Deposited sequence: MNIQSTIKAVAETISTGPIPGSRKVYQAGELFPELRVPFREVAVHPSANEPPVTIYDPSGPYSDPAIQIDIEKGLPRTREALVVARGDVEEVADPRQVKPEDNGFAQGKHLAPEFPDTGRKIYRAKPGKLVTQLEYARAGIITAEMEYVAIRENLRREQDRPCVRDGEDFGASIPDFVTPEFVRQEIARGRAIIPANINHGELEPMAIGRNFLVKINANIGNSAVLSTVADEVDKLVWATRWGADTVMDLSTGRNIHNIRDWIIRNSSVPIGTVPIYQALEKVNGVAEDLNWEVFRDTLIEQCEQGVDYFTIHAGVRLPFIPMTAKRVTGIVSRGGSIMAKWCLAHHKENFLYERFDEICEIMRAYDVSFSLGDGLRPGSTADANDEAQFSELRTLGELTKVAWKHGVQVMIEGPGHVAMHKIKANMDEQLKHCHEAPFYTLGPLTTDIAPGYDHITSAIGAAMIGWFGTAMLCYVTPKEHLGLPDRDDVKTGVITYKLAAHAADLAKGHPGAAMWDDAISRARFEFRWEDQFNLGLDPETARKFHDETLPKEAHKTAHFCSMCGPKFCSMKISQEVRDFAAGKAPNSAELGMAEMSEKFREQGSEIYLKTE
């Protein structure tokens, strides 16, 4: 009531300054409306508007009424039902505690295949695939010769993306579309090396503060969001997050499972984990970080490390294995995990439990032991038709970064790679968004598909909405620097547009074409 009201007013909506929401309609599926934002420049410049990739969602479209009490419109629901492979859940799981308010809950019909991967391998172009192919082209036309200026290290970036190309990339496992059948609010996006580099923002510790940060983070360009909340009533909180999110939402299931056993790692068990998986599946979570690669024999390998085990979920599994002196039960039950996730088309984010937390620790036996295991677990996931991406480091000095990409590519069969940074030095607390931007831009260039961001508060405190924005802008510019260096066909038009504005002293156009127009404008001294 009073809290749900203080959110509807505190969140930021309306057009992104200097631009406006535009849509492109689908052809294979004509009801699709794929969002972008467009920036028109001064008429005297005689230039066409600039199209920009836009994850902000309906929040920036003034024609749409926002009511978080009701959630966003479920514009994806009909398309999914339309395939006639899912059925309503008679009696879904309920979770007791602020409660969120007529959404039907779905599960694949017994014997039916429902994942984007399974559809692609069967030669089927789904609605999400066409939606994504449209999104990735930024409304470019094939009317002028396309000339490549970049180094993509053997990637297969096409001059123009087609729905058929998307299907091919997904079928081979080189790209994914995270899209739980129960996330009807979602605007589909793709993650893969042969597409734009995506970025991820982290949320999670009132409800308003977290919904706010979700809207704030996507407004500035976060392509996915992870709810990393821990403690009391995280499942209820996440309802508010997912129902009001137009971007894919990820989680670390073990956090919530651990809460069920009141924070005692040793008392974790398969039953509570499995139950957590189902609850989050019906809730609409799009991908799960699962640290199945933290195996028993790898744990002693971290004893000599300078900073040991820095992953939170990884440290929890470590505690469990050592307590029972048994193999990681997530690794042991890996097949039963696959059987659940595939019923709802949830994607794997195979966890970097043994990532380095200091540059001294980088590319060591423990980190690489896990990585090669992730490659093995990747193939098991494909067998069940589950979509997969691999998580990486971490803290890595610059000369060790290519080596990470080389290992991942070889050992994980070209599945998309998802990195946290990497931070290229340990000596600048307060500026870790910057130390990591260097590593992020480079590893993106080398072929990393998605970058998890870092705020200036890293290693020190909890990020406020200002820190979130800084992290997001930093990472959008690192992602784009990578696209540009790769010679991605859509990258140079943006830089060149802004440079022309600069050259002609078209100041306001310069601000409006920037990642953060209002800041540039404010800084500028007329």
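Trainee: So which bits of the deposited chain never got modelled?
Mentor: Model skips 1-3, 101-112, 117-118, 223-227, 549-612 of the deposited chain.
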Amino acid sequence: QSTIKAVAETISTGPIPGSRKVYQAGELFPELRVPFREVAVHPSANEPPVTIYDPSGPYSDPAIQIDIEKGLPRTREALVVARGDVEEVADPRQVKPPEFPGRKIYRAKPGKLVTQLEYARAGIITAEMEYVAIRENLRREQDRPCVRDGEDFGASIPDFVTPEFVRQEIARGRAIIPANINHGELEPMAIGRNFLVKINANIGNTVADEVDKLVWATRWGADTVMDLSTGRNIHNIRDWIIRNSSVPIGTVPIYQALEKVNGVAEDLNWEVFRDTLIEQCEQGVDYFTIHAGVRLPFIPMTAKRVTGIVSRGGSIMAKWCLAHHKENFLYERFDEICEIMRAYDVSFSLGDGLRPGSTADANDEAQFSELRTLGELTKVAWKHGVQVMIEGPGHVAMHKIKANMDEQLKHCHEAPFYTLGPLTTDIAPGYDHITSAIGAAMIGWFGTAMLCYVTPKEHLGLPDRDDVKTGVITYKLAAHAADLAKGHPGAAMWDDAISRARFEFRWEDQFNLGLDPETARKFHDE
From here on, numbers count along this sequence of modelled residues.
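Trainee: Please establish whether a third or more of the other compared PDB entries omit coordinates for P97.
Mentor: Yes, a third or more of the compared structures omit it.
Trainee: With respect to the recorded C-alpha B factors, which stretch has the higher mean value, 213-221 or 430-438?
Mentor: That would be 213-221.
Trainee: Identify the stretch, either 179-187 or 230-238, whose C-alpha atoms have the larger mean B-factor according to the entry.
Mentor: In the deposited entry, the stretch with the higher C-alpha B-factor mean is 230-238.
Trainee: Highest CA temperature factor in the entry: which of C452, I390, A78, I254?
Mentor: That would be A78, according to the entry.
Trainee: Maximum C-alpha temperature factor per the entry, among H325, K104, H395, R193, belongs to which one?
Mentor: Comparing C-alpha B-factors across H325, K104, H395, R193, the top value belongs to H325.
Trainee: Name the third of the chain's ranked CA B-factors that contains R174, choosing lowest, middle or highest.
Mentor: For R174, the deposited C-alpha B-factor lands in the middle third.
Trainee: Ranking every modelled residue in this chain by its Cα temperature factor as given in the entry, which third contains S60?
Mentor: Its C-alpha B-factor, which the entry lists for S60, ranks in the middle third among residues of this chain.
Trainee: Could you say whether, by C-alpha temperature factor, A122 belongs to the lowest, middle or highest third of its chain?
Mentor: It falls in the top third of the chain.
Trainee: Considering only modelled residues of the same chain, in which third does the CA B-factor of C321 rank: lowest, middle or highest?
Mentor: Ranked within chain, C321 CA B lands in the middle tercile.
Trainee: Please say which third, lowest, middle or highest, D467 falls into when its CA temperature factor is compared across its chain.
Mentor: It falls in the middle third of the chain.
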